[PDB]
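Heads up: the structure comes next, in structure tokens.
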Ligand SMILES: O=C1Cc2ccc(Br)cc2N1
């Protein structure tokens, strides 16, 4: 029932994500001058280095907040891809599935730890 365990679990999951070839387009912020369609359609840019930096700064209070930012990477990618005919689309779908598969136990364990704390 460790309330703090999620943080190292998220650090390790981000390490797996960065090693995966599918994360390459999502590792760093998009240059808004080079990709103006992203600039116009994306209200809140997000990328995995910003997620990792936020986590390391101690600026996430829960893994649910980290999960919201990672999900934003994928929803921004979906808004950017008008069809299935681009590698960004293919990579985003697979990386999202991998992330969701691995974050589920992190969220379950954290929510269980909070319920135990408040029991
Ligand atoms: O390097 C790039 C250019 C680019 C455009 C749009 C999206 Br979503 C991700 C990325 N990554």
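Residue numbers (the UniProt record's numbering): 1316 to 1434. We put the beta carbon where it would ideally sit given N, CA and C, even for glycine.
| Asked | Found |
| --- | --- |
| Exposed or buried, residue 1330, counting other C-beta atoms within 10 Å across all chains shown (16 or more means buried)? | exposed |
| Are residue 1406 and residue 1352 close, meaning C-beta to C-beta below 8 Å? | no |
| Are there three or more Cβ pairs, one per stretch, closer than 8 Å when the segment 1413-1424 is compared with the segment 1317-1332? | yes |
| Give me the Cα-Cα distance between residue 1343 and residue 1364, rounded to the nearest whole angstrom. | 6 Å |
| Using the C-alpha atoms, what's the distance from residue 1388 back to residue 1321? | 20 Å |
| Does the distance from the CB of residue 1317 to the CB of residue 1428 come in under 8 Å? | yes |
| Return the first residue and the last residue of the alpha helix (DSSP H) that residue 1351 is part of. | 1351-1356 |
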